[PDB]
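Single chain ahead, written as C-alpha cells, the form deposited in one PDB entry.
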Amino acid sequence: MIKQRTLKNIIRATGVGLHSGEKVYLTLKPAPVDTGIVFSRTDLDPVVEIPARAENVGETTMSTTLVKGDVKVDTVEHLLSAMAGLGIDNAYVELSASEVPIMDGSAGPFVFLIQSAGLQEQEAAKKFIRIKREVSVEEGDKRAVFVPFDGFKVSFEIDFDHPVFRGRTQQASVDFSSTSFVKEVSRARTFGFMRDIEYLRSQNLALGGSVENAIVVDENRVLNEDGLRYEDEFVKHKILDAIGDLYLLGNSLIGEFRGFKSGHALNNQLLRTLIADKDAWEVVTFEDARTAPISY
C-alpha cells in the first residue's frame, strides 16, 4: 500500500516574517498517523494549536492565514506547498510568532528542511481526495477550478499587461507524472510590483521584504540583478502557492487544478465549495502502489 508519511527527525530554522519583519523560530516535528499538519504557537501561554485545514483559514488578501479566535498563523502557503510536494501527511509545525518565516521567498528552504529531517513511512494507508466532478469559483475575471484528472496536475495562467511581462509565457501546466515538484516548482520565489510594495511599506507593512526573498519588478523590468531562477518563475510561483493552499484539504489530490489570475482567496473558496459537495469528490487509498496514478 501507499503509506502515510511523516518526518524522521525534528528539524529547525530561523527567519523573519515577510509581513511583520520580526524574527521567528520554526520547528518541524514528526506526528502520528492521521494527525495532518498542525501549527502551534509555542510563544503563547497556553500554547495554541491550529490544524492546517481549509475551514480554519481567515483573511486571504495578502497570504493564507490560519486563525483560531484571536490567534493567527500567517503565510502558511509556501511551507505547506513543500509538505504537499514531498507528500508529508503528518507533522507538527511550531512557531515563536504569528508568521511563518519568508526565508528566500520560495518553498526551497522548506523542501531542504523536510528532506534533511528525513522521510518516515508510517503503518497506515495514505488517503487521497479524488475529484469526481468539475467544481469552479469566480470573482470578476478571476477563476479557480478543480477538474477530474487521473493523476495530479496543476495549471495556471496569469494575464499581466505591464511591459515587464510582455512576451513572457505567463502560463504553465504541470503534470507531476513527469515533473519534479522539487526541481521545477519549489524554488520559484514570490514576486511583487514596486508600486504595491511601496504602498505596503508606506503603511509599515511588508517589513521583512527584500530582494533577498522576493522578485521585485517595476512596470518595465526585473530589479533583481541575478534575474530569474526559472524562465517562467512568475507563473511557477502561482502554481507553488496553489499547491500549498490546496493542501489545506488535508490530503493529497487526484485531479487537476486550473487557476486563472486567481490567488489565496479563491483557492480557499474553491476548497470550501468542493468539500461541501460530497458528489464532487471521494476519498481513496491504494493497496497496490503500482495501480496508483500518482507516486511519492
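Note that residue numbering follows the sequence shown and begins at 1. Residues that one form lacks are left out of the comparison. Under this definition, the rigid core comprises the largest set of C-alpha atoms superposing within 1.5 Å between the forms.
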{"query": "Of 171-179 and 151-159, the stretch whose C-alpha atoms average the higher B-factor in the entry", "finding": "171-179"}
{"query": "95-103 versus 138-146 - which carries the larger mean C-alpha B factor in the record", "finding": "138-146"}
{"query": "Out of 190, 186, 204, 75, highest CA B-factor residue", "finding": "204"}
{"query": "Per the PDB entry, maximal CA B factor within 227, 244, 259, 36", "finding": "227"}
{"query": "Residue 115 - which third its CA temperature factor falls in, relative to the rest of the chain", "finding": "highest"}
{"query": "Record-listed C-alpha B factor of residue 43: chain third", "finding": "middle"}
{"query": "Third of chain Cα B-factors occupied by residue 263", "finding": "lowest"}
{"query": "Third assignment of residue 276 from its chain's C-alpha B-factors", "finding": "middle"}
{"query": "Ranked against its chain, the third holding the CA B-factor of residue 200", "finding": "middle"}
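Omitted from view is the form deposited in another entry, to which the following refers.
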| item | value |
| --- | --- |
| Position that moves between the shown form and the other one after core superposition, taken from 173, 115, 169, 210, with Cα shift of 2 Å or more | 169 |
| Cα separation of residue 169 and residue 261 in that other deposited form versus here, shift of 3 Å or more | closer |
| Distance trend in that other deposited form - C-alpha atoms of residue 143 and residue 169, change of 3 Å or more | closer |
| Regions shifting between the shown form and the other one, defined as 3+ consecutive residues whose CA atoms all move 2 Å or more relative to the core | 159-161, 163-165, 167-169 |
